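Taking it in order: structure first as structure tokens, then the write-up.
There are 2 protein chains.
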Amino acid sequence: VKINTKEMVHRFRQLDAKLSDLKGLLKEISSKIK
Amino acid sequence: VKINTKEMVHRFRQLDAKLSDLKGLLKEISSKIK
């Protein structure tokens, strides 16, 4: 357990993916409105 | 004081959280419009 444990790019990628998904959802909502 | 003082991930996380909050507010505004 001690040896196994011994990051930023994962955070960047997750943020980008979440932003893209949110933008897609917002675009779908806008299309529904229009 | 000198010893205590001696970052990027915090900036990334704050940006992601602020973007998510802004997207949620925009979605709420769009729902109000529609």
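Quick mapping for you: the protein sequence lines, in order, are chains D and Y. Heads up: the first sequence at position 12 corresponds to 15 in our numbering, and the numbers run straight through without jumps. Heads up: the second sequence at position 2 corresponds to 5 in our numbering, and the numbers run straight through without jumps. Even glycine gets a Cβ: it sits at the ideal position worked out from N, Cα and C.
query: For chain Y, is any of its Cβ atoms less than 8 angstroms away from the one on D/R14?; result: yes
query: Counting only Cβ pairs nearer than 8 angstroms, list the residues of chain Y close to D/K35.; result: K37
query: Look up D/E31 in the DSSP assignment and say whether it is helix, strand or coil.; result: helix
query: Using 8 angstroms for Cβ pairs, my map puts D/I36 next to Y/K21. What's the rounded Cβ distance?; result: With a Cβ gap of about 25 angstroms, D/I36 and Y/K21 do not count as contacting.
query: Is the distance from the Cβ of Y/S33 to the Cβ of D/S33 below 8 angstroms?; result: yes
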